[PDB]
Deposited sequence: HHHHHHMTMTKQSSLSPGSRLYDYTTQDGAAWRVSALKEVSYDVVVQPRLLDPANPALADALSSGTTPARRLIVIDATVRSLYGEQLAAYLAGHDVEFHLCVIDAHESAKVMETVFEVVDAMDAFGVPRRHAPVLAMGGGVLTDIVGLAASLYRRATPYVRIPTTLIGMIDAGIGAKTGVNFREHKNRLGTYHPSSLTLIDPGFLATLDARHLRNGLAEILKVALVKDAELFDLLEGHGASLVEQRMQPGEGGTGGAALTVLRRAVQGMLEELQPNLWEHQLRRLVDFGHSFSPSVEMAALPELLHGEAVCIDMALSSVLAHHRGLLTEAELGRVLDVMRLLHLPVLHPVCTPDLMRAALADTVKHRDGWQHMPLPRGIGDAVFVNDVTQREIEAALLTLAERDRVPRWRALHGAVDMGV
């Protein structure tokens, strides 16, 4: 026999300022709902969130996770599953709410995907990484031993609600961190987005993306990411523009734990790859100069001591397996476009590391 079936996945990504008075957190839910919330968010937006739901007639239980990258593992997933069991979450008419950064929503997303083999949830990203990348995709997952995101699923939330108001309480470091993922999109897809960052990047960090440039920047980032994910949501096509900055960074992020945030590790990979592109003639000296200056302006690292030739080698090799025996490396071709290569040599990487070393 052949069995063949089609699956329609569709989900919503909606910008909804002032989320916690009338706007639909209330009817994103409906009523009794389980809410899995990042500890620091709980401390910061808990009083307001609970006032919302009680006034809007919704009973709830907060499952609080103190979320960080080291504990982004299966045991934390079991903690969320425990909460679903004790709350009595039903098969599908009562979605679970994940409210936190990209660590939180990746964990709850994977718990929800496993629970009875699929359980609907809603995402409320509270960090910049969450709002323009981690909270709007289909990918979920956790680390397994020294391997980044080794275990996971494709399980988008049926709704993502983005309220840029949450970014107001981030510190400069995490604001910049999320700006790294926006720069990724810009460098290979969107020259105007790159321009907005160069022109406004400092102010956006200083103002924590509070307001109308920040609004434009967030809109294009999301639009950029979604154009890339929507037609390739389960990554049947393994050449992915969005893989830019993610060829070396997984091994680098894991080896430096906990010194580098995800976007910082991503930026090291982007700076390496941009130097690679330059050495190849795909980027001019002037353009390379433009990229590395936005990076220093966003106070983002271009290098780390974890980043030795051997680690860079091992990092690449782990990625070739992930990409099914191909490098499929996106290199920027000018600013706002990219090419996929499969002939990156260890020699080229060492030269590019030295070039970063003199810059840095």
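Gaps in the model relative to the deposited sequence occur at 1 to 31, 52 to 53, 64 to 68, 250 to 255, 405 to 420, listed in sequence order.
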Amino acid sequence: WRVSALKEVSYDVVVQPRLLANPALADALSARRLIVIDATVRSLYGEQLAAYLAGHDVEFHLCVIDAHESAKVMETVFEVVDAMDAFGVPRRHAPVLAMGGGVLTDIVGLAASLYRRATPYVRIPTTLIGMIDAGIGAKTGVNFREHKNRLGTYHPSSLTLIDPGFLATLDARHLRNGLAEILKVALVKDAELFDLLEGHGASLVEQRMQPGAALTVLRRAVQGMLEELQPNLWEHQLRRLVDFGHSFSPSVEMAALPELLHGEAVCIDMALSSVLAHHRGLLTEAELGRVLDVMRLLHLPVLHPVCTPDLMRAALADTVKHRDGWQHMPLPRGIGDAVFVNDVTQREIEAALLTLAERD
From here on, numbers count along this sequence of modelled residues.
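Look at the mean CA B-factor for 87 to 95 and for 198 to 206 in the entry; the higher one is 198 to 206. A summary of the deposited B-factors shows that, of 153 to 161 and 285 to 293, the stretch with the larger mean C-alpha value is 285 to 293. Reading the B-factor column for the CA atoms of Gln230, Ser249, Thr76, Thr216 in the entry, the top value corresponds to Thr216. Based on the entry's C-alpha B-factors, the most elevated value among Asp324, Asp318, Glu69, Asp66 belongs to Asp66. For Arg145, the recorded CA temperature factor ranks within the middle third of the chain's modelled residues. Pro309: CA B factor in the highest third of modelled residues in this chain (values from the PDB entry). For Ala338, the recorded CA temperature factor ranks within the middle third of the chain's modelled residues.
For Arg239, the recorded CA B-factor ranks within the middle third of the chain. Only modelled residues enter the ranking. Sorting the modelled residues of the chain by their CA temperature factor places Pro301 in the middle third.
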